[PDB]
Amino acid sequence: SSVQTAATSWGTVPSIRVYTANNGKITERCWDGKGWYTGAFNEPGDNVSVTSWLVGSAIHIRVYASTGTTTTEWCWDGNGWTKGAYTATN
């Protein structure tokens, strides 16, 4: 078995984010044009997906983290990661 990743990118630079689900934990590596660095995102999960969009130069990222049948959305909206409205019945 391998680790599992999800990626997103924005802008002209570009900025890239790469999330890795590994042993029940999802972590983050970031590029803003000046070296890979380890980002603030650190939440539980066995599976991960991501999407992102820009509002002007401001980035909004949504990360879907899954453990068993439960998916939790994590929201970056410019200040920190907050838990999003997302619900499902899996």
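Note that the rigid core is defined as the largest set of C-alphas that superpose within 1.5 Å between two forms. Numbering starts at 1 and follows the sequence shown.
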Core-superposed comparison in 4 other deposited structures of this protein: bigger Cα RMS shift among 81-89 and 4-12 is in 81-89
Could you check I61, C30, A58, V48 and tell me which one carries the biggest Cα B-factor in the deposited entry?
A58
Consider only the C-alpha atoms of the modelled residues in this chain, order them by B-factor as the entry records it, and name the third containing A21: lowest, middle or highest.
middle
Ranking the modelled residues of this chain by C-alpha B-factor as given in the entry, is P44 in the lowest, middle or highest third?
highest
Considering only modelled residues of the same chain, in which third does the CA B-factor of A6 rank: lowest, middle or highest?
lowest
